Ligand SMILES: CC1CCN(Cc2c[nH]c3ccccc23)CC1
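Okay, so here's just one chain, in structure tokens, the form deposited without this ligand.
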């Protein structure tokens, strides 16, 4: 069920052994020695990766290395669709702005931090959650010259359990991380967006990097003189495969969970956050898809923006499915009723008062939060011309020296970014008319961004006329209209420009609401510190995990499918047969790499096929994962690598609030399929020879 601190491995090891863990506790995590933990990295700030050779080879997801593959892709060498295989170390490609982070040491500093916080005075100081304050405390504990005396090392303190527990991490950061290997996009992103959040899955979602360092294996920025890192620990690769019910475990960096939501917060998340996102994105996506299906040129222009909107749309459909069908609200009521009853028995009313502060804060902000999500989904991300240019002060002064031309030239640049290759004013007008029609139905006049009152006042409720007028009269309405402005620019034109006044007033309302709502965060944070303290004192720090906060966690469970619905079973394992049956040459998302087809047709699976002679692609597990777990190593009972986490099924997204044992799975690319693609598709034998592959 949980995402456990490395500190909590002692407490869980017995349970883990019962479930079939075979390795010694300290080979998995040793607080004062080298352990398997030392082979796990935070990859590029948002993913997990793992070291898989004694020359610093790193596996992570294809979607995690996507930006680095694309940044090295040209018309000449298109690595994004052809894939990339460095045939010698010297051909591995440097990456600007990349990091991998090792967790060198972890320390409980809870008492240290609570001692320091007693120098407060102000009882509702938010210093106990402030990264600046906790960094001051980290530096004090580490030393004034720590990073100078310990090259490559830094320290960080983070709050857990709502501020009831503090850990200090000693981190080692490398920034010379080179692209070694990537499958073609047809494999790395086979389902593309259609199979996002979907099990069964057939995606070979991996890419390969290498950590470089100085002659001593100490971090250094890119240099021709850097050499592969010789790490203290790397994963062995298993070719023994998985069977239904096999023990599996993951280490990685889950981003965020909401395991201590009150019932009132579940209702809020459903009825404001989720319902508004779902309603507004469905309107936006409906207009966009009509327009994409009618015009192939609009399809090419709007396809990335359509997919970008669909991704969190799907997550929200999945979350609301959990709220409706798995009793998330009811289970949090039960949790808080049980605490309140226990606090009544003990004669301590602070737990009931804490739950009541949370309910009262949620109820008080309901209207503001609804108006925020309506403007953010409806307009800020719903309407492209919400993000049209707004003149700075350094521009309006300059228009009224003769650096008039500098101001125009800056605004021109911003206009061209807004009205770029992928912008259609006609599509944006149709989307705007549909989104504004919904917004104006849901937000009363007295709550409208100032400019949107003109719909009632000037335009007699005609949303189409209001939108038509914004584009007819705006200097950003068309290239011709801007060039007329740029020739005879006056500050009076800009100050009265309908698109500028639109963009200004919707962004004013958005910030006004943001600023009104941020105060309501703190009483909930403070009440949560007391709430979670009560939950742990009542039920113990043993069957209820601290919310994810982008720190190293382990999770364990089994290779197991699930039943999505009556009379339907999804198994634990997909095969290359599943790729071939999805092949559709005319649908760019489901194209199959010819070498991979050939490999399938000729059953050229070598040592990577299963018992049956069938070629595995992916499996799913009852491990507890969330965003941040993307490139996480999946381990054997023996701690050998059996795959790479890359997704989770939509039925499981509500698992950030309440783990769903019968529906929530981690979606994992089989390491056997990873090696097959390297070997038979990449022809990159040196990478196989460099890894340690166990019979």
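Positions refer to the first chain, counted from 1.
The same protein has a further form, the form solved in complex with this ligand, not shown here; the description that follows concerns it.
Take this ligand as it sits in the deposited complex, overlay the site C-alphas onto this chain, and none of its atoms lands within 2.4 Å of the backbone or a C-beta, so the site here is open. In the deposited complex, no heavy atom of residue 504 sits within 4.5 Å of this ligand. Among heavy atoms of residue 47, some come within 4.5 Å of this ligand in the deposited complex. Although the partner is absent here, residue 63 is a contact residue: one of its heavy atoms lies within 4.5 angstroms of this ligand in the deposited complex. Shown alone here, residue 201 lies within 4.5 Å of this ligand in the deposited complex, counting heavy atoms only. With this ligand left out of view, the stretch that reaches within 4.5 Å of it through heavy atoms in the deposited complex is, among 117-125, 525-533, 201-209, 233-241, 201-209. For the residues 630, 35, 636, 658, the 4.5 Å heavy atom test against this ligand in the deposited complex is passed only by 630. Scanning 95, 196, 170, 558 against this ligand in the deposited complex with a 4.5 Å heavy atom cut-off leaves one residue, 196. Taking this ligand as positioned in the deposited complex, the residues of 634-650 that bring a heavy atom within 4.5 Å of it are, in sequence order, 646, 647.
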